[PDB]
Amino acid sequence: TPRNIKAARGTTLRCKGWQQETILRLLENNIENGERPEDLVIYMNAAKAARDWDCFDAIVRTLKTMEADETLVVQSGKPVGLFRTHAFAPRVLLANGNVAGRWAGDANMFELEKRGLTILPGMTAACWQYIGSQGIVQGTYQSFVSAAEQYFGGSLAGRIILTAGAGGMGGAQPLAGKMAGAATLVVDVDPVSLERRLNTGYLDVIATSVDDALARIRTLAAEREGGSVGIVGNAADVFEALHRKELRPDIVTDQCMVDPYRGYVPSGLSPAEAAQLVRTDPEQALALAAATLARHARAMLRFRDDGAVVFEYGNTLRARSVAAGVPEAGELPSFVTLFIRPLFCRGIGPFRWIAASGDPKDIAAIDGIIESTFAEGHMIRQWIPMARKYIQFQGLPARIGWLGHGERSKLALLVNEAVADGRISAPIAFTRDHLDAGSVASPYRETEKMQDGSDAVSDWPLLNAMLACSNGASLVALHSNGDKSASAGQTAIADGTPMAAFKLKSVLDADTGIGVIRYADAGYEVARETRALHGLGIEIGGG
């Protein structure tokens, strides 16, 4: 018998107070929007909201009975203690997925998870900050727009984007590409993944074959219209076929789950046969997945040699391809270094907010505060109309709205006032992905090729989490992805009170502040000037 978790709607408390209730609803919202919610899996195949259902039930009970001056402590998805702290402390502290680095290799991480000692935490899966496919779509859209500005004269009309991966997060690629004007073709081996994008508005059409997809993409390109087409098939086989048939894409990227232990499908298997092979014969699953990934990466490089702009989109494809024997895949650029890093230098990152009421009018109210607040032509003034027009709510109504240093606390204080005075019906939860300037160390991705070589320095997310606790964030998390990266998340709730006014301002300005500091420290001049302008620095002699 299925759980079918849904977040509570409306304005009735089941907990002792709105801070606790909002976090409960965020946890419930994660599972409501998850890719495999009956396994607690939220996205990327195995990133979970809780270690297991008994752990989930205990977390829920504790949120319903904890006081506003108590702090629940969660360890890799498992509630482990409830401490009396104080009103200005967080209500929940989480550390998920962290393993000392020498033993945090891929094989040992898989063993530890299989024995119940750890979970794959993702970024927003295990600390309850997921808002469905919307959470990533602004960054995927921004990446395509910036590609268009840098390499295609500022327009994707008539241009073709080819990608793979229509999962919980990759599912935003087809919509991102359509919004940016491109004829967008997404490959996924699982027809269920395409149907789920088709039903949530993220995909327009599912093709019946490669030939059919080719025809529909050429039509969109010839009309110079944005639209998206899905193909069912393995990226390795389909990318090869698309080259034989002369697709000639302008952009090629990929957002499959390429982890051979967790959801990469070898050529000729289904998702279920692959999961079963990992269970019964992992050495053969690994060999088969590497052979498919090698072809997959070679197909992208073949497009790159014909003239396509090929980049990695944050799924570790390059490093895993190099390990599977494609050394040239290590030479591919990344969306971060081509498009996102100059935004991080200004503290601009995937800020986001969730209506705890479940009422879409609460989001439309905040979209309205944004249009009265931010200058015309600002990034956010261009984005909110796109979101309004193209993005269907999933679970609790929520909005991705990238904003930068000082802008996040400005918006959150105006929302907190709007909660206090009745324009918004219930608290708003502010959070963000961990793909942000001051909250992640990740040499394969966010911090690849730092100007000063500090790629792997992970002091920075630890400081980000310690500041969030010290500033009164409602919920703070520290996550790792094996031995490859470390990140910090935090949630801060606008409940209309003055206490929340103080917290929203302290937390969010320090959250973007430490990111600006981090990039100024690396030597990025735009960050150094932002740091100086906002008084974020410390004067050190002998410079």
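Note that residue numbering begins at 1 and tracks the sequence as displayed.
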query: Stretch exceeding the other in mean C-alpha B-factor - 277 to 285, 314 to 322; finding: 277 to 285
query: Of 465 to 473 and 360 to 368, the stretch whose C-alpha atoms average the higher B-factor in the entry; finding: 360 to 368
query: Top residue by Cα temperature factor, when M450, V419, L120, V457 are compared in the entry; finding: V419
query: Given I251, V92, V205, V189, the residue at which the Cα B factor reaches its maximum; finding: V205
query: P498 CA temperature factor, ranked by third within the chain; finding: highest
query: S228, C-alpha B-factor rank within chain (lowest, middle or highest third); finding: middle
query: Chain third (lowest, middle, highest) by recorded CA B-factor, residue given as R341; finding: lowest
query: Chain-relative CA temperature factor third for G101; finding: lowest
query: Chain third (lowest, middle, highest) by recorded CA B-factor, residue given as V80; finding: lowest
